[PDB]
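In C-alpha cells, the next block holds one chain alone, the form solved without this ligand.
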C-alpha cells in the first residue's frame, strides 16, 4: 500500500475530524494486583513517551506497492481456492437490506456503537440517529444513502488499545478506518451472503476462521490440519498488500459469480480516500482495516497468497493435499511433507509482503502442536477427553487486559470474559487468578463462575 497524495483537509473543503485526545484506557482496580508491561497506544503527537515521530510512524505501514501483473502462480492459486469456495454455494444475490443492517443468521447487525463515517461524523449525526434496533426502520437510512450516495471518503482513527513498551515508544499505533454508513450498508448488501457463508463455515473449505468460537472450533483444527504444521506471521499485512492481490481477489469473486460491477467495491477498498484529523490523503493499495468484511477479504487474499507462494517455490506441490485456516493475516496450515517457510518468506518479499517466523521466533524452526498459536491462543488437548482441544490464552495476556479499563461500569462483564479464557490454563492457574481478583473488594462483589461449572459447560457444549 502507498500514500499517493496528502494535503491539508481545508484545501479541499473538508472539515477537520475531531478525534480522541487522550485514551479511554485507565488503570483498573486490579492494576496493582497483577503484573504487566503494556500501556495505552500513543494517540497524540506530543505524547511524552514517544521516542519517535508519531505521524511518520502510524503511516509507515504503507511500505509501498510492487507493481506487477497477475502471474502464472496467482492464476493457479485463484483457480484452486475458487474451486474450494465453489462447493459452498455462496449466493451472489444481494442481501435484502433489513437483513444486512439489522441482523440475520451468520451476519450480526451493523454495529450501532461505531463511527458513522463521513459526512455524518462532521454533522454530529450518530448511527442511533439513523437506525433503531427496536423499530428496524430503513426510512432514514434510505434517505441518507440516496442523499450522500457512495464511495464516500473514510475517516481514519488511531486505535485506542494496550501496546507494548517498544510499540508505544516507536509510536507504532494501529490505524482503523471508519467506512461511511452508506458504504458499509451497500457492502453488506453486496457480500452479505458471502459473509454469512464464511461466518457459518470456518475451517479448511473457506480457509477462514472469521467468526469462529475457539471454545468449539479448536478441537476441530487438528482434525482438519492433517500433516506437518506451517505457521508464520506478517508485519503490517493489511497495508503491505499491493494492488495485484486485489486483482486476484476480484478474479476469485468473479469466478464465484459476482459481476464486474459488484467487484467495483474491491476498487473502493484498494484505492481509498481518507480523512485523518486535519489531513486528507489517497492510498493506492492496502486493506483499509475497519471497513466492511476486511477480515474476510484479508483471509481470502491470504489463501491466494500462500497458495501462490507454494506454487512458485515448490513446483510440483499438490495444493489438493494443502490445508490452511486464515484469520486476516494470521495463518495456520499444513502439508503432508515438510515445507521451508523461510523460502515462502523470501518469495513473499518479492510480492511486497513482510513474513516473519511464527511468534517473534528467531528462525523458522519446526512448528509443533506444543508451540503453535492461533488468534494468540495455544493448543492443549484435555487430559481426560483427548479429542477435546483447549484454546489456551496465556495468563500474561489476561494479566495485561485486567490491569486497565475503558469503563469500570463493565468490571463484571470484563472480568467474567477473562475468566472464560483463563480457565483453559488449568484449575491451579484459575484459582490463583480468582484469589488475586478477590484480594480487592470489587473482586468479592463479582459473580465469577466456578472452575467445575466452566469445565462442565465446556464439555457439555459439544
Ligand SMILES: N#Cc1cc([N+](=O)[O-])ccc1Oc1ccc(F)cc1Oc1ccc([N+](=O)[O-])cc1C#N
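Positions refer to the first chain, counted from 1.
Unshown form solved in complex with this ligand; subsequent notes refer to it.
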* **The unique member of 294, 201, 263, 334 whose heavy atoms fall within 4.5 Å of this ligand in the bound PDB entry** => 294
* Structure fact -> The one residue among 210, 392, 74, 344 placing a heavy atom within 4.5 Å of this ligand in the bound PDB entry is 210
* **Check all three, 127, 188 and 195, heavy atom within 4.5 Å of this ligand in the bound PDB entry** => yes
* Asked: Tell me which of 350 to 358, 103 to 111, 250 to 258, 377 to 385 has residues with heavy atoms within 4.5 angstroms of this ligand in the bound PDB entry?
  -> 103 to 111
* Counting only non-hydrogen atoms and a 4.5 angstroms cut-off, does residue 184 reach this ligand in the bound PDB entry? -> yes
* Give a yes or no for residue 290: in the bound PDB entry, does one of its heavy atoms lie within 4.5 Å of a heavy atom belonging to this ligand? => yes
* Would you check, heavy atoms only and a 4.5 Å threshold, whether residue 327 touches this ligand in the bound PDB entry? => yes
